[PDB]
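The chain that follows stands alone, in the form deposited in one PDB entry, written as structure tokens.
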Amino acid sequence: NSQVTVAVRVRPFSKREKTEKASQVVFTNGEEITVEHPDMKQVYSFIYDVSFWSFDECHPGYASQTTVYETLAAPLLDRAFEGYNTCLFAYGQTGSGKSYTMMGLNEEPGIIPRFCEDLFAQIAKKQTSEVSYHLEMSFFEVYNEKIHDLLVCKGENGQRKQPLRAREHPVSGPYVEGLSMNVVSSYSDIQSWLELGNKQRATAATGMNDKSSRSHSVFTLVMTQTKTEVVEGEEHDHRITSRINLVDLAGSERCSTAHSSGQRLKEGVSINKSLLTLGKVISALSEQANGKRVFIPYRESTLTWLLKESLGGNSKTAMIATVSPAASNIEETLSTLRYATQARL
């Protein structure tokens, strides 16, 4: 069956922060995470299935990138070859280390490059001249409950963001029309597509940061292992297929502080509704793993509706939340750790 694996990663202080000398609010005791308000009145504790401490190297249990890949992502690539689907969530507010854990810098690579390179270097080993592995990639977004494709090059006009629609095949399940799928042979082709997509992804210079991710983003890889019938008849026979999804979600965007009106407010509403439905889905899946028959509300959002076969049944889901230990972002860290907290059982 399918349980989830929620993890937390505390980013270290920026040199700007320890030069300005921001104070520390997020502490740990190996297992648990603790938040202590600067007033030192209330202290809240959070337990998770895994906890990553990237605060300082000299600490015991330092959480580098290679121990995030080996801990969360790699057991999903392992389940791929077994013939099952997998999804990797990535939640986090701006200035918390989402793109350092997932994509990474030129050095210190995140989950995407390590994952892809291990996949390619392992199919290079496993292929026998009687088995063959074919990979097919896709990359799309969600904006106000509308599906947009990114890898297609958009000439400048009003905008060519065609609102594609989702359908439900009886066997294959929910899918996306017009999805420009592409082929891949090694990791140096995914970099190009992802750069070309992230350039066209939606952004806005809201109050928090010069560029915030105002849209979700699903990056899918479909593998097909063809092994041959020679009972008597050659293949095109046996295609065990697996979908591996890496989703880069957006922020919750409390609108009390952010006096947001119009399009930014509508984007915030859509993001928060999607995240609520996703939380409901994860909680229902954990309950199901714990022996309770329940109804997983997939059809209340597109993100949950298209990934239905990738977070259900014989599937393995993973989630990583990013937090800052600074005292100017306590109100964000609290909501993040409390969004993650309702997935752990």
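When you see a residue number, it is the position in the sequence shown, counting from 1. Take the two forms, superpose them, and find the largest set of C-alpha atoms that agree within 1.5 Å; that set is the rigid core. Only residues modelled in both forms are compared.
Omitted here: the form deposited in another entry. The next part is about that form.
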> Taking the rigid core as the reference frame, is the Cα of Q122 displaced by 2 Å or more between the shown form and the other one?
Replying inline: no
| query | Is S14 one of the residues whose Cα moves 2 Å or more between the shown form and the other one, with the core superposed? | reply | yes
Given a core-based superposition, decide whether the C-alpha of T224 shifts by 2 Å or more between the shown form and the other one.
no
Against the displayed form, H59 vs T19 by Cα, in that other deposited form, with 3 angstroms or more change: pair is farther
Quick read on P75 and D237 CA atoms in that other deposited form, 3 Å or more from the shown distance, and they're closer
On a rigid core fit between the shown form and the other one, runs of three or more residues in which every CA shifts by 2 Å or more occupy 14-21, 157-160, 231-237
